[PDB]
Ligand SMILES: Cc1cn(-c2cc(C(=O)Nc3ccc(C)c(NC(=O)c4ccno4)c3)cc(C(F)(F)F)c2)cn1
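Take a look at this single chain in structure tokens; it is the form solved without this ligand.
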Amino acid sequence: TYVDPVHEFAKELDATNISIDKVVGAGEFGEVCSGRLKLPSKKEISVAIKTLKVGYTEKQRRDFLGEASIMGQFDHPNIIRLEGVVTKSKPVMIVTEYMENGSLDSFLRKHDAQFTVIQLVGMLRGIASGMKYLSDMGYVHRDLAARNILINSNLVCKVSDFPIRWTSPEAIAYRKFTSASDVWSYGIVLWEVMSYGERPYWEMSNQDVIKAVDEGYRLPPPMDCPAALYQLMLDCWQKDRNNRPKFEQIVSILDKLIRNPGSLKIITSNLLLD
């Protein structure tokens, strides 16, 4: 079980063991960079590193470290790993799993139509497996989107970031956030992946995204989308949240498609009424 909140779930790292190799850019609370971490066993790994800005407020520090207090509760291959934090020296740091290929939406946009269907399904299965663990822990992510999935050098996808286009109708209507609203979001991620990082609902007015979805309109099948995967999207996007599949069921569906890749050969900016 997840517990809503730092040193209970995060290792205090010795800054001597951290080196910075490359500055990436600015983040919400400070700089973002990458580098290397020397583990207690002397193994050296690549890591992503985020710093808290100089002259931070106490609220900024709490909100920044709050990420680590959440991430550190999870230990799963498809959830970004927290290596630890530095708090006893400044700048304050959060050190996480290095992911060579960055955010999934931007990665896919660079590689439009360049992966096999089975490669894409493997990415999707990893995301679903991470979400099955989060939901098993009782954690509702609320921000599941391809931009919040990171992808490593071997194309393994992992949930990160601990949004009207990704939010279920009931969560928009009255803030009813449940694991079933994360399943809705997963359906949108499925569409994002099969579309190679197209923006869900493009740049439709937000009021129209809300109304169209309420009226029964759904994102159209991506080009060359397997029928099985478009059906899975529609299932994730059931109006009745109780009729959406559970994450365990999504993982099982994708595992069957991986085991029977022939099934993917059956193929299915305007919204379609469902």
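Residues that one form lacks are left out of the comparison. Between two forms, the rigid core is defined as the largest C-alpha subset superposing within 1.5 Å. Residue positions are given as counts along the sequence shown, with the first one as 1.
A second form of this protein, the form solved in complex with this ligand, is not displayed here; the remarks below concern that form.
Label the site open or blocked after overlaying this ligand from its pose in the entry with it bound onto the shown form by the C-alphas around the site (blocked when 3+ ligand atoms sit within 2.4 Å of backbone or C-beta). Transferred pose: blocked.
Candidate from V121, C157, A171, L134 lying within 4.5 Å of this ligand in the entry with it bound - any heavy atom: Exactly one listed residue reaches within 4.5 Å, namely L134.
Single option in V193, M71, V86, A180 placed near this ligand in the entry with it bound, where near means a heavy atom within 4.5 Å: After the contact test, the surviving option is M71.
Is there a non-hydrogen atom of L150 within 4.5 angstroms of a non-hydrogen atom of this ligand in the entry with it bound? Yes, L150 is a contact residue.
Flag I94 as yes or no: does it have a non-hydrogen atom within 4.5 angstroms of any non-hydrogen atom of this ligand in the entry with it bound? Contact check for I94: yes, within 4.5 Å of this ligand in the entry with it bound.
Using a 4.5 Å heavy atom cut-off, state whether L108 contacts this ligand in the entry with it bound. Output for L108 is no: heavy atoms all beyond 4.5 Å of this ligand.
Is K50 a contact residue for this ligand in the entry with it bound, using a 4.5 Å heavy atom cut-off? Taking the distances in the entry with it bound, the answer for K50 is yes, it comes within 4.5 Å of this ligand.
Would you say all of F29, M99 and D161 touch this ligand in the entry with it bound, counting a heavy atom within 4.5 Å as a touch? Checked in the entry with it bound: all three residues contact this ligand.
Of the listed stretches (163-171, 184-192, 78-86, 111-119), which one has a non-hydrogen atom within 4.5 Å of this ligand in the entry with it bound? Correct option: 78-86.
From first to last in sequence, which residues of 121-145 have any non-hydrogen atom within 4.5 angstroms of this ligand in the entry with it bound? Heavy-atom contacts to this ligand in the entry with it bound: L134, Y139, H141.
Hey, after the core superposition between this form and the one not shown, which of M223, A26, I45, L234 has the C-alpha moving 2 angstroms or more? The residue that shifts is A26.
So the C-alpha spacing of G25 and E100 changes by 3 Å or more in the entry with it bound; is that change toward closer or farther than shown? It is closer: in the entry with it bound, the C-alpha atoms of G25 and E100 lie at least 3 Å nearer than they do here.
Distance change of 3 Å or more between the C-alpha atoms of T57 and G25 in the entry with it bound: closer or farther compared with this structure? Result: farther.
Listed by sequence position, which runs of three or more consecutive residues have C-alpha shifts of 2 Å or more between this form and the one not shown, the rigid core held fixed? Segment displaced between this form and the one not shown after core fit: 24-31 only.
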